[PDB]
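J.: Right, I'll just put the structure down here and ask away after.
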Amino acid sequence: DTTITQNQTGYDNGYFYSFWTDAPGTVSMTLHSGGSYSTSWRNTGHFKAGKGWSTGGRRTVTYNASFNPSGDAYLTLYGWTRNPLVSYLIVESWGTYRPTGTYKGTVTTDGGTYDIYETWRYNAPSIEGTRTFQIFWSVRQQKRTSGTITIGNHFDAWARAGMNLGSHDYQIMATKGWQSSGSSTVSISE
């Protein structure tokens, strides 16, 4: 297995991965076989790490996870588009705080009901550099740590709500953390 501690993307055991933090040395990601990885973090800053695909799309993804946050963290499908510049999250579980934004509707899919939100992020890290951009959210109403995500059902609900996606960059089943400690192990597949 490979331990990642510096911002990078690449491929491991057939799958794209991405690691990003603004607090190097406080978080690591261990790449396991197939679509599997773990993370460990301690009094960190911001971090996002996961395996998935370098070009996102309307995939039906199945994941199985162990998720043990001590504070603010998400277990979430995460990705980016350009033209327009958008980041999006399908949040399956969280730690101390359930994320919210401007309410936009609800979508029911894969046995659960999700609230839909939009937020704006100002002068923040993006795939293009420091930029201002929209975040699209589907947040499950009840936490879960395994199951299937029919991503097309979220994209379509967002579009019905006036939330328009662009050309896809990467798409990962991510662990994301903010000023917390914890661990995770996440195993994905299309």
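In the structure tokens, the first chain shown is A, the next is B, and so on; residue numbers restart at 1 for each chain, and ligands run from 1 in the order shown.
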Name all residues at most 9 Å from residue 27 of chain A (count only C-alpha atoms; drop same-chain ones fewer than 5 positions away) and give them as a PyMOL selection string.
T.: chain A and resi 4-5+21+39-45+47+181
J.: Mind checking which residues fall within 7 Å of segment 86-101 of chain A, counting only C-alpha atoms, ignoring those fewer than 3 positions away in the same chain, and posting them as number ranges by chain?
T.: A: 69-82, 117-119, 133-140, 143-145, 165
J.: Just to be explicit: take each residue in the selection above, keep C-alpha atoms, and write the result as a PDB file, in the first residue's frame.
T.:
```
ATOM      1  CA  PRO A  69     -15.133  11.446  12.542  1.00  0.00           C
ATOM      2  CA  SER A  70     -14.301  13.326  15.746  1.00  0.00           C
ATOM      3  CA  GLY A  71     -15.875  16.594  14.651  1.00  0.00           C
ATOM      4  CA  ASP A  72     -16.798  18.103  11.283  1.00  0.00           C
ATOM      5  CA  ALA A  73     -16.369  15.691   8.325  1.00  0.00           C
ATOM      6  CA  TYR A  74     -18.403  14.343   5.378  1.00  0.00           C
ATOM      7  CA  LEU A  75     -18.656  10.989   3.608  1.00  0.00           C
ATOM      8  CA  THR A  76     -19.667  12.231   0.193  1.00  0.00           C
ATOM      9  CA  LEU A  77     -19.537  11.699  -3.561  1.00  0.00           C
ATOM     10  CA  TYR A  78     -17.646  14.793  -4.730  1.00  0.00           C
ATOM     11  CA  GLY A  79     -16.723  16.272  -8.075  1.00  0.00           C
ATOM     12  CA  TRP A  80     -16.225  19.287 -10.350  1.00  0.00           C
ATOM     13  CA  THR A  81     -17.394  20.749 -13.664  1.00  0.00           C
ATOM     14  CA  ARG A  82     -16.118  23.636 -15.816  1.00  0.00           C
ATOM     15  CA  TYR A 117     -28.990  22.975  -1.566  1.00  0.00           C
ATOM     16  CA  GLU A 118     -26.889  25.565  -3.377  1.00  0.00           C
ATOM     17  CA  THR A 119     -24.111  27.627  -1.826  1.00  0.00           C
ATOM     18  CA  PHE A 133     -18.007  29.368  -7.684  1.00  0.00           C
ATOM     19  CA  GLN A 134     -21.205  27.480  -6.854  1.00  0.00           C
ATOM     20  CA  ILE A 135     -21.516  24.285  -4.841  1.00  0.00           C
ATOM     21  CA  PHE A 136     -24.449  21.953  -5.521  1.00  0.00           C
ATOM     22  CA  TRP A 137     -25.558  19.674  -2.649  1.00  0.00           C
ATOM     23  CA  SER A 138     -27.717  16.610  -2.107  1.00  0.00           C
ATOM     24  CA  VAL A 139     -27.682  15.865   1.631  1.00  0.00           C
ATOM     25  CA  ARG A 140     -29.278  12.649   2.875  1.00  0.00           C
ATOM     26  CA  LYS A 143     -26.913   9.114   7.646  1.00  0.00           C
ATOM     27  CA  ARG A 144     -25.679   5.988   5.977  1.00  0.00           C
ATOM     28  CA  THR A 145     -22.267   4.434   5.306  1.00  0.00           C
ATOM     29  CA  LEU A 165     -23.723  21.493 -14.435  1.00  0.00           C
TER      30      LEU A 165
END
```
J.: May I have all residues of segment 56-92 of chain A that DSSP, computed from the backbone, assigns to strand (DSSP E), given as a list in words?
T.: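 After running DSSP on the backbone, segment 56-92 of chain A has strand (DSSP E) at residues 60, 61, 62, 63, 64, 65, 66, 67, 68, 69, 70, 73, 74, 75, 76, 77, 78, 79, 80, 81, 82, 86, 87, 88, 89, 90, 91 and 92 of chain A.
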J.: Which of these, A:175, A:83, A:62, A:164, has the shortest distance to residue 19 of chain A once you count only C-alpha atoms?
T.: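 Among the listed residues, the smallest separation from residue 19 of chain A belongs to A:175.
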J.: Choose the residue, out of A:49, A:124, A:161, A:107, that has the smallest atom-to-atom separation from residue 18 of chain A; count only C-alpha atoms.
T.: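 Of the candidates, the smallest distance to residue 18 of chain A is held by A:49.
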J.: Which residue, A:171, A:146, A:106, A:123, has the smallest gap to residue 158 of chain A when you use only C-alpha atoms?
T.: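 Among the listed residues, A:106 lies closest to residue 158 of chain A.
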J.: Which residue out of A:168, A:85, A:160, A:153 has the minimum interatomic distance to residue 131 of chain A when only C-alpha atoms are used?
T.: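 Between A:168, A:85, A:160, A:153, the residue approaching residue 131 of chain A most closely is A:85.
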